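Beneath this line is the structure, given in C-alpha cells, with notes to follow.
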Amino acid sequence: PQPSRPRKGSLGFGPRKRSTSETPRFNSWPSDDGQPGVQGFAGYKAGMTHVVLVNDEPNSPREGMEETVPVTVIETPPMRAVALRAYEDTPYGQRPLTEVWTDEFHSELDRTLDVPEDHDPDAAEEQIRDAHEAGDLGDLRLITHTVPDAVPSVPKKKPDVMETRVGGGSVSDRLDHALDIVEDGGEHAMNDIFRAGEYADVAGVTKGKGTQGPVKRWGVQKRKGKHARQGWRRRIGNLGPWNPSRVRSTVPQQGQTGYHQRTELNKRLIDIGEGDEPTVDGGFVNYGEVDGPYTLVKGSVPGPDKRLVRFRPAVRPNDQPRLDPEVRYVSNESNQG
Amino acid sequence: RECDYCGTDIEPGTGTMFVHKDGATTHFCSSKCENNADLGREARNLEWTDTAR
Amino acid sequence: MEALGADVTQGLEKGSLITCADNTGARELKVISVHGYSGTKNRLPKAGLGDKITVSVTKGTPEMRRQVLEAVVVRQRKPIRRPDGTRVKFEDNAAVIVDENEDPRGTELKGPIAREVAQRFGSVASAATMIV
RNA sequence: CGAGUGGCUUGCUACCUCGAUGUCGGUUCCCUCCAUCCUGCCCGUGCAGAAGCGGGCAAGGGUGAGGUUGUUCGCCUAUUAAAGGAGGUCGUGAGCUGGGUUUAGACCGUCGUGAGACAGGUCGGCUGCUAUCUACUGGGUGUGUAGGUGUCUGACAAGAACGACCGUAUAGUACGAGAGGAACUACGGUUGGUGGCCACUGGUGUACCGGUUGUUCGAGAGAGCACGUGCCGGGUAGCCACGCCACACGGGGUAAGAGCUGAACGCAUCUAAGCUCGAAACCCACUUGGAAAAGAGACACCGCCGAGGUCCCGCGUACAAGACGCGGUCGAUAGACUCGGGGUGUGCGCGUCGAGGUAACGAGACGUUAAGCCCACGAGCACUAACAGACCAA
RNA sequence: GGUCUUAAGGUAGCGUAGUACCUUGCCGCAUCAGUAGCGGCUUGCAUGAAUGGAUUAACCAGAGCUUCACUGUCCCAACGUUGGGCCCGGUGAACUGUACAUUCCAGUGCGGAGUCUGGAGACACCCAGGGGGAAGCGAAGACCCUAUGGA
RNA sequence: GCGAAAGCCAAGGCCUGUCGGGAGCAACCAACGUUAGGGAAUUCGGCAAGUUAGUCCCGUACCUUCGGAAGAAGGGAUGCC
RNA sequence: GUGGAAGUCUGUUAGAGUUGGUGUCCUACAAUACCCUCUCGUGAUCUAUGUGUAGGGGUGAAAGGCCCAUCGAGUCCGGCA
Ligand SMILES: [Cl-]
Ligand SMILES: [Cl-]
Ligand SMILES: [K+]
Ligand SMILES: [Mg+2]
Ligand SMILES: [Mg+2]
Ligand SMILES: [Mg+2]
Ligand SMILES: [Mg+2]
Ligand SMILES: [Mg+2]
Ligand SMILES: [Mg+2]
Ligand SMILES: [Mg+2]
Ligand SMILES: [Mg+2]
Ligand SMILES: [Mg+2]
Ligand SMILES: [Mg+2]
Ligand SMILES: [Mg+2]
Ligand SMILES: [Mg+2]
Ligand SMILES: [Mg+2]
Ligand SMILES: [Mg+2]
Ligand SMILES: [Mg+2]
Ligand SMILES: [Mg+2]
Ligand SMILES: [Mg+2]
Ligand SMILES: [Mg+2]
Ligand SMILES: [Mg+2]
Ligand SMILES: [Mg+2]
Ligand SMILES: [Mg+2]
Ligand SMILES: [Mg+2]
Ligand SMILES: [Mg+2]
Ligand SMILES: [Mg+2]
Ligand SMILES: [Mg+2]
Ligand SMILES: [Mg+2]
Ligand SMILES: [Mg+2]
Ligand SMILES: [Mg+2]
Ligand SMILES: [Mg+2]
Ligand SMILES: [Mg+2]
Ligand SMILES: [Mg+2]
Ligand SMILES: [Mg+2]
Ligand code: NA
Ligand code: NA
Ligand code: NA
Ligand code: NA
Ligand code: NA
Ligand code: NA
Ligand code: NA
Ligand code: NA
Ligand code: NA
Ligand code: NA
Ligand code: NA
Ligand code: NA
Ligand code: NA
Ligand code: NA
Ligand code: NA
Ligand code: NA
Ligand code: NA
Ligand code: NA
Ligand code: NA
Ligand code: NA
C-alpha cells in the first residue's frame, strides 16, 4: 500500500554546494556570563588515535574505570588578535563601526592582508566609547589570525584571518579587556580560552568529494532485484509526479558533495598539551609529525588533515563540564599496519 | 596484555577476543594472526613470530 | 532495558536458524522477532547479543518441535565491543529459551556466555558454567 | 425520519482526445490533505488503582517485517508507541517490472450443423528515441551595483534535525478488602532519522610479498601467457560501514482546556472590555545558504603609476571543463638519496642433512637469513626541478 | 415418480481436475503464518471410455510445489578492474522545427494553458546531469462504432 | 590430456576485427572481481549469480515395461622424490 | 569372459538447433546482429552441387507455415485516371 518511510537526507544543509571560505565562520556565539573573554580559537587537524581514560561521568555505573576513547589530534599554536572591531545598532541589524589595530604585525601577515601603515588607534577608540555613551554599541569582536608557519606539517604560510567574539561582564569591561589583549601584540593561546574537560563546538569545512550520485549524496537505494541488471543501477525512479509539471528541489539529485561547512556540536576537550605526547610512530599519515601546542578532541572533526578548524565554547551543552579528565594512556602506535 | 598466537605485546584499545566452542579464550592483536591460525599454522613454525624468536 | 555495557552489531535476522543452548529438548531454533524493535522500510529485522527474541523451535523432540517460545541471545559470531575497545566474537550463534518472568525453561546451559548477558538476565546467568 | 458535506467507490451523461494523452498490480523518489492509528496537551466516565471506554485541540514526526494471491482488496504470523486513511492523469513505463487484462499457437469444459464463440478456466507469447524549450540539481563566464585586499552585516530562504521506546530510582510506594498497582522528578540505554569522521573492528586494495598447477624461453637463475590477477595465502595507504563521534534546554504567543476580575442582567457568569495559565503543533532559539536585497550594504587598510590581479613554474587540504587552495630560492612545493614507519615472511649462492642408489642422481630439511623483495606515508636533505619571464590595472 | 421429452438415461474409472460457478469447498500434512502444493473427502455449476477412460517405468530448454546444499537475490551497500563517459586534435550525420518562448501559483477556456485573467517571481551566456512538463518525438488508433468497404 | 577439448608453443600469418592525444581518470552506464554477520527475508518465480566437478576404491533406496532408476544418495583417495 | 547392438548416454570434435538472460544493441555492425546460458550431436542426422513441383496453384511431421526482406492467396505490367 506503499509502506511509509522518512525522506532520504536532510534539507537542512542546503543548498549542498561548495563553501565560500575554506575557513569556517560561526553564525552564533556563547552568551555573556562569566568574566570578559574571547569566545573561540583555531588550529590545524593532524589525525586520529585513542587515549585511555578514567570514566568521569558520576552517573556512569562504570565510574572510575579504564576506558578507551577516540581522539582527533589538532595543532593549536597561539593565534594573534590584530584588532578590535565594534558594531553598532541600527534598525537594519548590526554594522561595523570601526577597528582599532596594533603595529606589531607578524612577519608574514602581508601574504593575505594589505597591512596598515598609518592608523589612528585613539580616535577610533574615541568614536567607539562615544557610541557606547549614546547606547548604540553592539557587540565587540577581534580580528584574529594564525601562524601556519608554526606548524611544519602545514605547508601553507599565508595566515588564515578570521573574526572571533568577545563577551564578558559588562560592555565597558570587555571593551577594555579587548583593547588590552590587542595593544600588546594580540598573542593568546588555547589555555587562555579553553580548559580540558570542557565542551566546545568544532566548525570546519568537510572533506571534499567532487560530484557524486544520489546514492552517495542522499542515501537513496541502488536498483534491486531484476531492476539492477536493466541499465539503471544508481539513479532514482523519478524526478517527480506528472503535476506539478516540474522537478522540485526536495528531490535528491546529482551534485557537489563535501567541502561544505558544518559546525559539529558538543565536542569534548580531553587534554590541551604541548610537545609530542600525541604523535604517532612513522608519522601522522598524509600529515606529518606533531610537536608543540595542541588539543585532543573526542570523536571526529570536520575536514581532512591540514584543514583549519575553529573552536567555540559549546553554546548548547547538554552535560555539565567534568574538568581535567584523567589521562592514563595515549597511544603512539603507528597508523599503518 | 600479550597475544595468544604471536606473543607480541598487544596495544591497549586494539584487538579481538575470540571465544571457542569449549569456552577457551584467545586474544589476537591482528587479523593477520587470526587468519594465519585459521589455516592450520602453529606460531612456533612461523619465523616472523616472536613465539618462534 | 538496562545497559549491556557494551556495543553490539546484530548478527541475526528474522528467519535466522540458531543453536539452542540448553537441555530443553530443543536443538535448532529459528528467529522470528525482536522485542522492543521496530525497523524501517525494507530493513530486515536485526537481532544481536542480549536481545529478548521470539522463536520457532526448528529441530528437536516431537514435543518441542514447532513451539512458539521466547528466548535470549547468548552467543553470536559477529564481534561485539567492550568498554576497553577490545572486540569479542564467539564460535556460533545461540540462545536459551526463556519464560514470562525471564527464567530459563531448561535446567543447565551448554557452552559459554558473554559476561554482558548477566546484567540483563541474571536468572540465566546464575545458571551459567563459563561466563566470558 | 429529517438537513447536509466530500468527490476514495459505483452508476448515469457523451463536453474533451480516435493524423494514439501507453494498461492493472508493483516498485522507486517527491510535495500534500485531515475525516488522527501512535506520539503532545485536554474533557467526560457506568473515572479507586492499573487497564480501558467516549469526546476535544493537534498534520511536528512516525505509521515497519513476513506467509498464500498478478492481485488492489483481503485472509494469516510474529513483533510494535501504532504498525491511520486519502489526493497528486485511480502521482510515477521519453524510470524499472510485465505476474494479470487483451494479438497471433494450443488444450479443457460449455454452446454451435459449422466456420467459431465465452464478462469459463489453463501453458507460451516483444517494452523504440542521440532532449530543442521548459523545469530542478550542482558547476562556470560576463554585465550591473562604480580601483584593490581582508573582515563583516542579514533582507530573506532551508531544516524534523531531531522523533519514539525500554529500563533504574521515586516503589512494591499512592490507591485498593485483596489481587494488582501508578505519577512528578533524576538518571542510563535502544531504535528511526540526521550530519561528520577512519584511532579502533570489518570490507576492498587485478600497489605489494609469498605458495602452487600447465606451458614456453635447454636446465638453473629469472621471467611471459592462462581476460584484462591462472588459481590460492597474506595485505599498506585510501575510499568505506557492518566501524566510531555529535544532534537540547529554555523562553515568547496561542488552540482544546483550566481559571481570575467582571458587566450587560443589583444576583450569578472564564468573556462581552481586561487579566492568568496551556499542545510533539506556531515564533525565537540552534544548523546551512545568502550583496543581484536595484534601498545592488558596512568596516579597516593599501593604492590611483602604480595596490592588486591574470598567464607562467612546483604542486594539492580542490577538481568532469571552468572553478577553489598552497608554494616558488627571503624556499622543503615536488622527485631523487637516506633514514623513520609499514607489507610480506626467511632470497641467489654455498655448507651440512637427506629416504634411497655401484654411480649419476635425489624431492626436501637446516644454517647462512627478522632474511630477500616491496610501499600510494613521515622525516632529514636544496642534489635536481620551482628557472625565464609576459600580460592587465583606476 | 415408486414414467415424460428425444433413441438411451452415465457402467469401469477418474474427480474442487489445465474440467468445479459457488471457492480461499472441508479435514490433514507443511509453515510462526501457505487464495500455493500434496493426500483424503466429493452430490461432478457444466467428468467418463478410440470426441478414447484409467494406470504407468523411461525421456523432457514442458507447468506448480518442497528439502539439503549454495550465494550480494535481499538486509545494505562498499571498494576495485576494463571500455566509454569528461578535456584536446582530426572526421562529422539523424530525429525534429506555425510563431513567439526566463516561468511559477491560481483562475479561466471545446470541461487537461509557457502564450488568455490575476498575482508571484525572473540580469545574460555557458558546462555537466538524471529525465518532472511541452497531454515530448515515432505510427492518418490495432481497441469501438460508422460505410447500402474488402478479403 | 580420453580427446580434432582447455590451456601454453611452433611453422606460416598479422599488428587493417584500422582514428588519435590527455585526466588516480568525478557522476552515470557497460562487461566483470571481492565482499563481514545473516542465507531466498529478494521475487509472479532463486530471474541473475553461485554451488557441484575430472579419475579410482567402498556403496546405492522407491519404483520398474526387468531395459532402467544409477554417475541414485552417501563415504574415502588424488602432489612431488 | 568374449561380442559390440543402440532413431542409447556424456560431449562448444565437426556440424545442426535456438531455452533463458525478457542482457547488449534498438537512427544498429545488422531491415532479425553480439555475448553468456541451453538442445541434438550414427540418424526420421547434417551439407554442397545438380534437378522436379508455380499462383486459387506448389509445398507443408499443419504453424494458415513457406514459395527471393513480399503470403488468410507471390511478383511485374496492364485493365486503371
Ligand atoms: Cl528497485
Ligand atoms: Cl518481526
Ligand atoms: K483516444
Ligand atoms: Mg591505518
Ligand atoms: Mg593495528
Ligand atoms: Mg519491502
Ligand atoms: Mg463526445
Ligand atoms: Mg506523455
Ligand atoms: Mg480536526
Ligand atoms: Mg486509570
Ligand atoms: Mg506535513
Ligand atoms: Mg496512474
Ligand atoms: Mg501514490
Ligand atoms: Mg514519465
Ligand atoms: Mg514508454
Ligand atoms: Mg504476462
Ligand atoms: Mg501465467
Ligand atoms: Mg500468460
Ligand atoms: Mg531512451
Ligand atoms: Mg595477466
Ligand atoms: Mg485439493
Ligand atoms: Mg463407447
Ligand atoms: Mg501572465
Ligand atoms: Mg484514423
Ligand atoms: Mg473488432
Ligand atoms: Mg465480403
Ligand atoms: Mg556476504
Ligand atoms: Mg516470499
Ligand atoms: Mg539461473
Ligand atoms: Mg544419439
Ligand atoms: Mg528489460
Ligand atoms: Mg537443392
Ligand atoms: Mg489459426
Ligand atoms: Mg524480388
Ligand atoms: Mg518471405
Ligand atoms: Na544490462
Ligand atoms: Na540499456
Ligand atoms: Na465516476
Ligand atoms: Na491529438
Ligand atoms: Na503500475
Ligand atoms: Na501529526
Ligand atoms: Na500479504
Ligand atoms: Na493517464
Ligand atoms: Na517501457
Ligand atoms: Na506500469
Ligand atoms: Na509553550
Ligand atoms: Na553589490
Ligand atoms: Na459425454
Ligand atoms: Na557482487
Ligand atoms: Na524534461
Ligand atoms: Na590506423
Ligand atoms: Na555374455
Ligand atoms: Na543463444
Ligand atoms: Na494470386
Ligand atoms: Na492498375
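Quick note on naming: the chains in the C-alpha cells go A, B, ... in the order shown, residues restart at 1 in each chain, and ligands are numbered from 1 in order of appearance.
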- Quick one: everything within 8 Å of residue 241 in chain A, counting only C-alpha atoms (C1' of nucleotides), minus sequence neighbours fewer than 3 positions away in the same chain. Send it as a ChimeraX atom specification. /A:238,244-245 /D:30,88,91-92 /E:132
For residue 32 in chain G, list every protein, DNA or RNA residue within 12 Å, evaluated using only C-alpha atoms (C1' of nucleotides), and leave out those in the same chain fewer than 5 positions away; present the list as an MDAnalysis selection string. chainID G and resid 25:26 69
* Please report as a list in words which residues of chain G come no farther than 12 Å from chain A, using only C-alpha atoms (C1' of nucleotides). =>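 In the required form, that comes to residues 21, 22, 23 and 24 of chain G.
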Could you please take those selected residues and save C-alpha atoms (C1' of nucleotides) as a PDB file, in the first residue's frame?
```pdb
ATOM      1  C1'   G G  21      19.025 -13.728 -19.891  1.00  0.00           C
ATOM      2  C1'   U G  22      12.974 -10.514 -21.338  1.00  0.00           C
ATOM      3  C1'   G G  23      21.159  -8.786 -21.237  1.00  0.00           C
ATOM      4  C1'   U G  24      23.890  -5.788 -25.064  1.00  0.00           C
TER       5        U G  24
END
```
Range 87-101 of chain C: which residues within 7 Å, counting only C-alpha atoms (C1' of nucleotides), same-chain residues fewer than 3 positions away excluded, as a list in words?
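Close residues of range 87-101 of chain C: residues 15, 16, 17, 18, 19, 20 and 21 of chain B; 18, 19, 20, 21, 22, 69, 70, 71, 72, 73, 74, 75, 76, 77, 78, 79, 80, 81, 82, 104 and 105 of chain C; 201 of chain D.
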The selected residues should be written to file as a PDB file, in the first residue's frame (atoms: N, CA and C atoms (P, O5', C5', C4', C3', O3' and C1' of nucleotides)).
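Output (selection-v1.pdb):
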```pdb
ATOM      1  N   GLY B  15      42.346  -4.924  19.201  1.00  0.00           N
ATOM      2  CA  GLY B  15      42.246  -6.371  19.263  1.00  0.00           C
ATOM      3  C   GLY B  15      40.882  -7.029  19.321  1.00  0.00           C
ATOM      4  N   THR B  16      40.910  -8.352  19.190  1.00  0.00           N
ATOM      5  CA  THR B  16      39.723  -9.200  19.226  1.00  0.00           C
ATOM      6  C   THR B  16      39.943 -10.313  20.267  1.00  0.00           C
ATOM      7  N   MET B  17      38.877 -10.683  20.968  1.00  0.00           N
ATOM      8  CA  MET B  17      38.936 -11.742  21.969  1.00  0.00           C
ATOM      9  C   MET B  17      38.075 -12.899  21.448  1.00  0.00           C
ATOM     10  N   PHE B  18      38.712 -13.861  20.792  1.00  0.00           N
ATOM     11  CA  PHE B  18      37.984 -14.999  20.264  1.00  0.00           C
ATOM     12  C   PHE B  18      37.623 -15.975  21.379  1.00  0.00           C
ATOM     13  N   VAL B  19      36.405 -16.505  21.307  1.00  0.00           N
ATOM     14  CA  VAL B  19      35.886 -17.456  22.279  1.00  0.00           C
ATOM     15  C   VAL B  19      35.531 -18.747  21.549  1.00  0.00           C
ATOM     16  N   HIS B  20      36.194 -19.844  21.917  1.00  0.00           N
ATOM     17  CA  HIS B  20      35.991 -21.157  21.287  1.00  0.00           C
ATOM     18  C   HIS B  20      34.744 -21.917  21.732  1.00  0.00           C
ATOM     19  N   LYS B  21      34.487 -23.044  21.062  1.00  0.00           N
ATOM     20  CA  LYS B  21      33.325 -23.886  21.348  1.00  0.00           C
ATOM     21  C   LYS B  21      33.384 -24.528  22.730  1.00  0.00           C
TER      22      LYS B  21
ATOM     23  N   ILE C  18      19.358 -20.796  14.565  1.00  0.00           N
ATOM     24  CA  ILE C  18      20.456 -20.837  15.527  1.00  0.00           C
ATOM     25  C   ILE C  18      20.440 -22.017  16.485  1.00  0.00           C
ATOM     26  N   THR C  19      21.457 -22.069  17.336  1.00  0.00           N
ATOM     27  CA  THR C  19      21.583 -23.168  18.280  1.00  0.00           C
ATOM     28  C   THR C  19      20.938 -22.913  19.633  1.00  0.00           C
ATOM     29  N   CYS C  20      20.208 -23.916  20.112  1.00  0.00           N
ATOM     30  CA  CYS C  20      19.523 -23.858  21.403  1.00  0.00           C
ATOM     31  C   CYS C  20      20.468 -24.296  22.524  1.00  0.00           C
ATOM     32  N   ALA C  21      20.961 -23.327  23.290  1.00  0.00           N
ATOM     33  CA  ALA C  21      21.916 -23.588  24.357  1.00  0.00           C
ATOM     34  C   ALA C  21      21.384 -24.066  25.709  1.00  0.00           C
ATOM     35  N   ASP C  22      20.709 -25.212  25.708  1.00  0.00           N
ATOM     36  CA  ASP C  22      20.183 -25.803  26.930  1.00  0.00           C
ATOM     37  C   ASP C  22      19.534 -27.169  26.736  1.00  0.00           C
ATOM     38  N   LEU C  69       8.156 -19.967  21.398  1.00  0.00           N
ATOM     39  CA  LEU C  69       8.680 -19.599  22.711  1.00  0.00           C
ATOM     40  C   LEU C  69       9.607 -18.389  22.661  1.00  0.00           C
ATOM     41  N   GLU C  70       9.755 -17.716  23.793  1.00  0.00           N
ATOM     42  CA  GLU C  70      10.630 -16.561  23.877  1.00  0.00           C
ATOM     43  C   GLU C  70      12.011 -17.112  24.193  1.00  0.00           C
ATOM     44  N   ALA C  71      13.048 -16.291  24.022  1.00  0.00           N
ATOM     45  CA  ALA C  71      14.432 -16.716  24.276  1.00  0.00           C
ATOM     46  C   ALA C  71      15.408 -15.544  24.351  1.00  0.00           C
ATOM     47  N   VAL C  72      16.653 -15.817  24.750  1.00  0.00           N
ATOM     48  CA  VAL C  72      17.667 -14.769  24.843  1.00  0.00           C
ATOM     49  C   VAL C  72      18.983 -15.105  24.151  1.00  0.00           C
ATOM     50  N   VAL C  73      19.433 -14.188  23.300  1.00  0.00           N
ATOM     51  CA  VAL C  73      20.683 -14.314  22.551  1.00  0.00           C
ATOM     52  C   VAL C  73      21.855 -14.395  23.505  1.00  0.00           C
ATOM     53  N   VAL C  74      22.600 -15.481  23.459  1.00  0.00           N
ATOM     54  CA  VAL C  74      23.718 -15.585  24.365  1.00  0.00           C
ATOM     55  C   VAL C  74      25.093 -15.639  23.702  1.00  0.00           C
ATOM     56  N   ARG C  75      25.129 -15.977  22.420  1.00  0.00           N
ATOM     57  CA  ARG C  75      26.378 -16.036  21.671  1.00  0.00           C
ATOM     58  C   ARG C  75      26.068 -15.719  20.224  1.00  0.00           C
ATOM     59  N   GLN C  76      27.064 -15.179  19.532  1.00  0.00           N
ATOM     60  CA  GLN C  76      26.922 -14.841  18.127  1.00  0.00           C
ATOM     61  C   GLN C  76      28.298 -14.789  17.541  1.00  0.00           C
ATOM     62  N   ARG C  77      28.368 -14.854  16.219  1.00  0.00           N
ATOM     63  CA  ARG C  77      29.641 -14.825  15.522  1.00  0.00           C
ATOM     64  C   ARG C  77      30.188 -13.436  15.221  1.00  0.00           C
ATOM     65  N   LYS C  78      29.338 -12.423  15.211  1.00  0.00           N
ATOM     66  CA  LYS C  78      29.817 -11.084  14.901  1.00  0.00           C
ATOM     67  C   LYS C  78      30.458 -10.475  16.134  1.00  0.00           C
ATOM     68  N   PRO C  79      31.575  -9.747  15.947  1.00  0.00           N
ATOM     69  CA  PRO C  79      32.325  -9.092  17.024  1.00  0.00           C
ATOM     70  C   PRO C  79      31.500  -8.048  17.721  1.00  0.00           C
ATOM     71  N   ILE C  80      31.464  -8.108  19.052  1.00  0.00           N
ATOM     72  CA  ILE C  80      30.738  -7.111  19.845  1.00  0.00           C
ATOM     73  C   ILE C  80      31.806  -6.388  20.666  1.00  0.00           C
ATOM     74  N   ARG C  81      31.659  -5.080  20.838  1.00  0.00           N
ATOM     75  CA  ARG C  81      32.659  -4.300  21.546  1.00  0.00           C
ATOM     76  C   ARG C  81      32.479  -4.026  23.038  1.00  0.00           C
ATOM     77  N   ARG C  82      33.574  -4.158  23.784  1.00  0.00           N
ATOM     78  CA  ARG C  82      33.603  -3.904  25.225  1.00  0.00           C
ATOM     79  C   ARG C  82      34.102  -2.485  25.520  1.00  0.00           C
ATOM     80  N   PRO C 104      15.077 -19.267  32.692  1.00  0.00           N
ATOM     81  CA  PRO C 104      15.289 -20.395  31.782  1.00  0.00           C
ATOM     82  C   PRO C 104      14.321 -21.562  31.935  1.00  0.00           C
ATOM     83  N   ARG C 105      13.789 -22.023  30.804  1.00  0.00           N
ATOM     84  CA  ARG C 105      12.858 -23.153  30.760  1.00  0.00           C
ATOM     85  C   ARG C 105      13.633 -24.466  30.970  1.00  0.00           C
TER      86      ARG C 105
ATOM     87  P     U D 201      41.933  -3.014  15.270  1.00  0.00           P
ATOM     88  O5'   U D 201      40.466  -3.561  14.965  1.00  0.00           O
ATOM     89  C5'   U D 201      39.782  -4.405  15.905  1.00  0.00           C
ATOM     90  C4'   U D 201      38.452  -4.855  15.339  1.00  0.00           C
ATOM     91  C3'   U D 201      38.456  -5.343  13.901  1.00  0.00           C
ATOM     92  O3'   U D 201      38.817  -6.702  13.768  1.00  0.00           O
ATOM     93  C1'   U D 201      36.657  -3.846  14.210  1.00  0.00           C
TER      94        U D 201
END
```
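Reported to one decimal place, the separation of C1' of residue 55 in chain D from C1' of residue 259 in chain D is 22.0 Å.
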Grab me every residue within 10 Å of ligand 11, counting only C-alpha atoms (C1' of nucleotides) and all ligand atoms, and send it over as a PDB file with N, CA and C atoms (P, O5', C5', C4', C3', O3' and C1' of nucleotides), in the first residue's frame.
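Output (result.pdb):
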```
ATOM      1  P     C D  31       9.530  15.738   0.085  1.00  0.00           P
ATOM      2  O5'   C D  31       8.197  16.534  -0.236  1.00  0.00           O
ATOM      3  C5'   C D  31       8.272  17.932  -0.528  1.00  0.00           C
ATOM      4  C4'   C D  31       6.954  18.437  -1.048  1.00  0.00           C
ATOM      5  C3'   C D  31       5.780  18.288  -0.110  1.00  0.00           C
ATOM      6  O3'   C D  31       5.764  19.272   0.885  1.00  0.00           O
ATOM      7  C1'   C D  31       5.130  17.568  -2.234  1.00  0.00           C
ATOM      8  P     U D  32       4.889  19.031   2.195  1.00  0.00           P
ATOM      9  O5'   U D  32       3.427  18.763   1.619  1.00  0.00           O
ATOM     10  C5'   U D  32       2.636  19.849   1.111  1.00  0.00           C
ATOM     11  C4'   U D  32       1.275  19.358   0.683  1.00  0.00           C
ATOM     12  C3'   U D  32       0.259  19.033   1.769  1.00  0.00           C
ATOM     13  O3'   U D  32      -0.439  20.202   2.221  1.00  0.00           O
ATOM     14  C1'   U D  32       0.258  17.357   0.100  1.00  0.00           C
ATOM     15  P     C D  33      -1.143  20.207   3.680  1.00  0.00           P
ATOM     16  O5'   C D  33      -2.455  19.353   3.444  1.00  0.00           O
ATOM     17  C5'   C D  33      -3.480  19.849   2.610  1.00  0.00           C
ATOM     18  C4'   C D  33      -4.650  18.935   2.684  1.00  0.00           C
ATOM     19  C3'   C D  33      -5.100  18.663   4.094  1.00  0.00           C
ATOM     20  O3'   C D  33      -5.903  19.726   4.577  1.00  0.00           O
ATOM     21  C1'   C D  33      -4.937  16.638   2.928  1.00  0.00           C
ATOM     22  P     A D  59      -2.724  20.772  12.688  1.00  0.00           P
ATOM     23  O5'   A D  59      -1.846  19.467  12.470  1.00  0.00           O
ATOM     24  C5'   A D  59      -0.453  19.444  12.804  1.00  0.00           C
ATOM     25  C4'   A D  59       0.307  18.627  11.781  1.00  0.00           C
ATOM     26  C3'   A D  59       0.287  19.187  10.367  1.00  0.00           C
ATOM     27  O3'   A D  59       1.525  18.884   9.723  1.00  0.00           O
ATOM     28  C1'   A D  59      -0.797  17.086  10.388  1.00  0.00           C
ATOM     29  P     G D  60       2.641  20.041   9.581  1.00  0.00           P
ATOM     30  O5'   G D  60       3.951  19.421  10.240  1.00  0.00           O
ATOM     31  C5'   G D  60       4.146  19.549  11.640  1.00  0.00           C
ATOM     32  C4'   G D  60       5.561  19.241  12.029  1.00  0.00           C
ATOM     33  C3'   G D  60       6.003  17.816  11.712  1.00  0.00           C
ATOM     34  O3'   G D  60       6.796  17.775  10.524  1.00  0.00           O
ATOM     35  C1'   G D  60       5.939  18.115  14.038  1.00  0.00           C
ATOM     36  P     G D  61       6.690  16.519   9.514  1.00  0.00           P
ATOM     37  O5'   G D  61       7.211  15.282  10.359  1.00  0.00           O
ATOM     38  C5'   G D  61       8.555  15.254  10.845  1.00  0.00           C
ATOM     39  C4'   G D  61       8.712  14.128  11.824  1.00  0.00           C
ATOM     40  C3'   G D  61       8.216  12.787  11.313  1.00  0.00           C
ATOM     41  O3'   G D  61       9.131  12.141  10.446  1.00  0.00           O
ATOM     42  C1'   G D  61       7.357  13.151  13.470  1.00  0.00           C
TER      43        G D  61
END
```
Problem - Protein and nucleic acid residues within 7 Å of ligand 1 (only C-alpha atoms (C1' of nucleotides) and all ligand atoms) as a list in words - result: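 So the residues close to ligand 1 are residues 222, 223, 224, 225, 227 and 228 of chain A; 27 and 28 of chain D.
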message = Report as a PyMOL selection string all protein, DNA and RNA residues lying within 9 Å of residue 48 in chain B, evaluated on only C-alpha atoms (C1' of nucleotides), omitting residues in the same chain fewer than 3 positions from it.
response = (chain B and resi 6+51-53) or (chain D and resi 345-346+370)
Please, could you write that set of residues out with C-alpha atoms (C1' of nucleotides) as a PDB file, in the first residue's frame?
```pdb
ATOM      1  CA  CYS B   6      52.335 -14.391  18.152  1.00  0.00           C
ATOM      2  CA  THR B  51      56.944 -17.209  19.767  1.00  0.00           C
ATOM      3  CA  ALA B  52      59.411 -18.597  17.205  1.00  0.00           C
ATOM      4  CA  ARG B  53      62.016 -15.933  18.092  1.00  0.00           C
TER       5      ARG B  53
ATOM      6  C1'   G D 345      57.549 -13.840   5.683  1.00  0.00           C
ATOM      7  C1'   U D 346      63.389 -16.290   5.734  1.00  0.00           C
ATOM      8  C1'   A D 370      63.528 -10.988  11.497  1.00  0.00           C
TER       9        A D 370
END
```
